[PDB]
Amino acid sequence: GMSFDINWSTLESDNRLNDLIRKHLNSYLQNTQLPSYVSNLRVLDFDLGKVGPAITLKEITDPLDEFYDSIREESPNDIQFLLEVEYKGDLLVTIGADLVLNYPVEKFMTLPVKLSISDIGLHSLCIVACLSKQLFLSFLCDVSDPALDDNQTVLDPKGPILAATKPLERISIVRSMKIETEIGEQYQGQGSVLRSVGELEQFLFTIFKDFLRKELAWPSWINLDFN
């Protein structure tokens, strides 16, 4: 329907959203076991961009009880939005990698390389919950997930999506994603190198999707405490 341009600049003098995502993602990367073909991984830059999602409000409800339960461990006024979120924005992750060539010997050579994750496609149901007053945000499931056939609510806790008993049968929240790599002109001929680059691209793809899934995808969520 209506378009908006939002600017949260003053809310970010000391901490910048981009930088927060970058350090978090970096932490995640440096805590992952790396294959033999890559020596180091590092986020060179993260950029949420200037193009955001198309947001459709689907329903308005009480927050899920699982949130309350979470708080119990470690109010009518509270509220929860169910949102259809469609993203084809300009998010861009630039990652630096040291590709390791082992073709002769072990660790024969290292090529500085850098990869670009971009063009992320998404179309999924999320929820945003206000509770007392920590803020919860979580991507529930893709719009066309089979567990929605028959047109009965996602907010059913005994239903498949929310119960999260079969993560394997869920269709991926990230619909598409583009990865490029640029390497030295000198290496564009060698097939061994190109194959290694391919493997690294795939690995990075899976790693990024994993990160997203355990940071934002239900039953995981983003918790903001404001005291």
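Quick note: we count residues from 1 along the sequence shown, nothing fancier.
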property	result
Extent of unmodelled deposited sequence, residue 75 relative to residue 74	10 or more
Average Cα temperature factor in the PDB entry - higher stretch of 80-88, 102-110	102-110
Between 141-149 and 116-124 (mean CA B-factor, as deposited), the higher	141-149
Residue selected from 169, 62, 182, 201 by maximal Cα B factor	62
Third of chain Cα B-factors occupied by residue 21	middle
Chain thirds of CA B-factor: placement of residue 165	middle
Residue 155 - Cα temperature factor, lowest/middle/highest third of chain	middle
CA B-factor ranking of residue 188, expressed as a third of its chain	middle
Third assignment of residue 56 from its chain's C-alpha B-factors	middle
